[PDB]
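So this first bit is one chain, no partners, the form deposited in one PDB entry, shown in structure tokens.
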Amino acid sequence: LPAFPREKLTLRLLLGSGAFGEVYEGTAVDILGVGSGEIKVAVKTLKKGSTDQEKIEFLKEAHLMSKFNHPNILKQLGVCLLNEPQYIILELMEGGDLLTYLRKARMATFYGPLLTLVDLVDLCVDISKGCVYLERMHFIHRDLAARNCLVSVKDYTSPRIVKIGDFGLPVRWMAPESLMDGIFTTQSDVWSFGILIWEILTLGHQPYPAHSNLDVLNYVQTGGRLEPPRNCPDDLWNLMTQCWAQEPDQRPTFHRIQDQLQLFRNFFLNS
């Protein structure tokens, strides 16, 4: 657990209060090493006067986050758990959640979307590399969706990186086995990854839009799948359908998904 002195941490603005207590944008000194300097950070706080039951949950969250060191997984830089309020220090993803970033790219201008197909494919590659790491760690996320991913930039012209954020009812993202049997495997995360790349390729559309949570479980259990995104490339729709195979055993691995996305990216770039 990366113990960090709260004296080297400064809280500057409030990002929100949708987790344990509040999330702050701040700065940390020497968090990446003694002479590294001041770096921008996100700070997950646990409210002072929190119950023992809440402290243990915060401690669990810090233990899970300490296991992840990958460019496409949100990184925990340090923790302040000796005193109250408790802090979980994270790398700052200034662009916010991927769903909002996608929706704003579609709904901002008249000329066209602020994200091209090649920008979208690179978002899929970034997420799939994060999933390969998780599959290798034998970690099952349980909630892979665009709302649970973060973007490093807020603009649409700078180089960007998408990271898998907060770790796991979200019915539209759940595979059929999770819905009826409560089975949660890396192959059910593969189902969710296909839902997330559909979200990316539609620039933030809600899956199964005409349907409700009860209609979704009925429709999906009986073989019904999402309609293809408008002008979606064939090889991307091929991989999306592979991810939604009724049997988890028939669904491809994350290592295969990364290769197929990489092969499509090369096939697309050569044209």
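Under this definition, the rigid core comprises the largest set of C-alpha atoms superposing within 1.5 Å between the forms. Heads up: residue numbers just count along the shown sequence, starting at 1.
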Check: Out of the other entries of this protein with residues modelled on both sides, is residue 252 skipped in at least a third?
Finding: no
Next item on the list: Determine if residue 13 is unmodelled in a third or more of the other PDB entries compared for this protein.
Entry: no
Checklist line | Between residue 85 and residue 86 - deposited residues without coordinates, as a size class | finding: none
Check: Which has the higher mean CA temperature factor in the PDB entry, 56-64 or 202-210?
Finding: 202-210
Next item on the list: Check the entry's C-alpha temperature factors for 86-94 and 172-180, then say which stretch has the higher mean.
Entry: 172-180
Next item on the list: Report the option among 44, 70, 230, 47 whose CA atom has the maximum B-factor in the deposited record.
Entry: 230
Checklist line | Chain thirds of CA B-factor: placement of residue 148 | finding: lowest
Notebook entry, point to check: According to the PDB entry, is the CA B factor of residue 108 in the bottom, middle or top third of its chain, that is, lowest, middle or highest?
Noted result: highest
Checklist line | Cα B factor band for residue 191 (lowest, middle or highest third within the chain) | finding: middle
Next item on the list: Divide the modelled residues of the chain into thirds by Cα B-factor and specify which third, lowest, middle or highest, holds residue 101.
Entry: lowest
Next item on the list: Would you check the entry's CA temperature factor for residue 133 and let me know if it's in the chain's lowest, middle or highest third?
Entry: lowest
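Another form, the form deposited in another entry, is not on view; read the next lines as being about it.
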Next item on the list: Using the rigid core as the fixed frame, list which single one of 245, 232, 29, 216 shifts its Cα by at least 2 angstroms between this form and the one not shown.
Entry: 29
Notebook entry, point to check: Superposing on the rigid core, does the Cα of residue 10 end up 2 Å or more away between this form and the one not shown?
Noted result: yes
Margin query: Given a core-based superposition, decide whether the C-alpha of residue 47 shifts by 2 Å or more between this form and the one not shown.
Written below: yes
Notebook entry, point to check: Once you line up the core, how about residue 20: does its CA shift reach 2 Å between this form and the one not shown?
Noted result: yes
